[PDB]
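Next comes just one chain, in structure tokens: the form deposited in one PDB entry.
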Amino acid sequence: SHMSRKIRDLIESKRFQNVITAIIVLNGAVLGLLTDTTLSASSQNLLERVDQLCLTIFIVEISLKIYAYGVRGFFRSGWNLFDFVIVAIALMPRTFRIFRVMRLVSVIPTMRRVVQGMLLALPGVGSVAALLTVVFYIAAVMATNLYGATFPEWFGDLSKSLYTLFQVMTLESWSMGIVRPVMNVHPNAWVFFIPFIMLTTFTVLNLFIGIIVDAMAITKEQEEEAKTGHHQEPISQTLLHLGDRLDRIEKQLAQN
């Protein structure tokens, strides 16, 4: 309808986006002020009302989107569902209201494209992430059996071992705090910890670089399609089209 189209044109405008962005910033700003324990009862009540006002605007915003697009229809987009879930959860009296500042990502298209490039890059690194999970699980079992009776605060159970192996992987006090004390009791403990550090720091870097390279390439195409209407074809496809042109030229030549 004409009314549905007039609302969709209003929602899709730059001015509507700037209003919603400003209210997300305002809501984020009042929640950060609400962390201040020294505030008076009146100052806290005022900020709580400003938070209530920001939330009511988001309910009106989402409701306008459900009418202008539909109920099949708005919910067909993961970014709208995320925006709905975040505002609908606040209407049910969890505790972490500051998570609605994540809406900046969904409302700003350039930020939205960066995050969807990272999410689309995750399937392609799943095998590397599973290999890291396997290495961590094997190492956690070994460390519990080897050092749990002598160092129970760090290796007393599987949970404790997973925690201190994550610490060891991040190279945080790994030697002065963990392995030099462990070696005072188990002199050959370096045989376990030095290869564990070599393997996990390498795997983590591999996983991170895999995400960065894919996400950069994916975002580069999404940004191109959002501006021009399409993306740049790969060099291999351009060389195939050039090769097909050479085949068409050779076919037209030598005969007819």
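Note that the rigid core is defined as the largest set of C-alphas that superpose within 1.5 Å between two forms. Residue indices: 1-based, along the sequence shown.
In terms of unmodelled positions of the deposited sequence, the stretch from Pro93 to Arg94 in this entry skips 4 to 9 residues. Mean CA temperature factor is higher for 63-71 when stretches 206-214 and 63-71 are set side by side in the entry.
The question of which stretch, 150-158 or 111-119, has the higher mean Cα B factor is settled in favour of 111-119. Per the PDB entry, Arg76 shows the highest C-alpha temperature factor of the residues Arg76, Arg103, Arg180, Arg97. Ranked within its chain, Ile86 lands in the middle third, by CA B factor from the PDB record. Per-chain ranking of the deposited C-alpha B factor places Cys54 in the middle third.
When all modelled residues of the chain are sorted by CA temperature factor, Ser43 is found within the highest third. Sorting the modelled residues of the chain by their CA temperature factor places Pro187 in the lowest third. Per the PDB record, residue ranking by Cα B-factor puts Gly28 in the middle third of the chain.
Form deposited in another entry: not shown, discussed below.
Here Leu239 counts as shifted, since its C-alpha moves by at least 2 Å between this form and the one not shown after the core is aligned. Relative to the superposed rigid core, the position of the CA of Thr38 differs between this form and the one not shown by less than 2 Å. Positional change of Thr228 between this form and the one not shown reaches 2 Å or more at the C-alpha, relative to the superposed core.
Put simply, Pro234 and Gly124 come closer in the other form: their C-alpha atoms are 3 Å or more nearer than in the form shown. Relative to the shown form, the CA atoms of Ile235 and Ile218 are brought 3 Å or more closer together in the other form.
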